[PDB]
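First comes one chain, alone, set out as structure tokens in the form deposited in one PDB entry.
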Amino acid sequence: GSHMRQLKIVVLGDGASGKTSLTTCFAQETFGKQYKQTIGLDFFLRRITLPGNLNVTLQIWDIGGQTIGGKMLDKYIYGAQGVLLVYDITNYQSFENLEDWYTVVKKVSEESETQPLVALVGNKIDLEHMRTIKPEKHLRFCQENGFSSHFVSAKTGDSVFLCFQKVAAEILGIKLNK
């Protein structure tokens, strides 16, 4: 027998960073019958084919309005093979607070004996000329913790598909060459 290959990715970060915009931007290609199959659930599914004709379904979880201490947060983070730490490049506190989001991820990782792929996602790159987190500051946070680095715009779609695709590939031990 052979079963579906599914990877769970959770999207974390402070309110107003663009988490729901980001997840929706990636979900849009599935709108119609497939997205409707999980309407009102905690996640949606999107199938991608990674290089080498590797079919995988991504199960993408938006935490909604959950805060760091939310007692529902566990179902989002436990089992997550990929984690997006999302901030708004124009909102400094959203970046600073990612240390605290990452503390929860480390705690879950240690308990679960897992090593999820963690991506730092600077959203709103369409607003680059008004950013309050410089690229160098973002890349320092990535270097300190081994995060995958992404600058995206959920509004316009810039780099969004590639962020999820790269995270999926890295979960499976593949560095995509582009």
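Start at 1 and count along the sequence shown; that's the residue number. Heads up, when I say rigid core I mean the largest set of C-alphas that superpose within 1.5 Å between the two forms.
One more form of this protein should be noted, the form deposited in another entry, which is absent from this view; the next part is about it.
Q: Superpose on the rigid core, then report which one of 49, 67, 132, 143 has a CA displacement of at least 2 angstroms between the shown form and the other one.
A: It is 67; the other listed residues stay below 2 Å.
Q) Does the C-alpha of residue 37 move 2 Å or more between the shown form and the other one once the rigid core is lined up? A) Indeed, residue 37 is displaced by 2 Å or more.
Q) Your call: residue 31 and residue 46 CA atoms, closer or farther in that other deposited form versus the shown structure, by 3 Å or more? A) Farther apart, by at least 3 Å.
Q: Classify the change in Cα distance between residue 40 and residue 13 in that other deposited form as closer or farther, relative to the shown form (magnitude of 3 Å or more).
A: Nearer in that other deposited form, by 3 Å or more.
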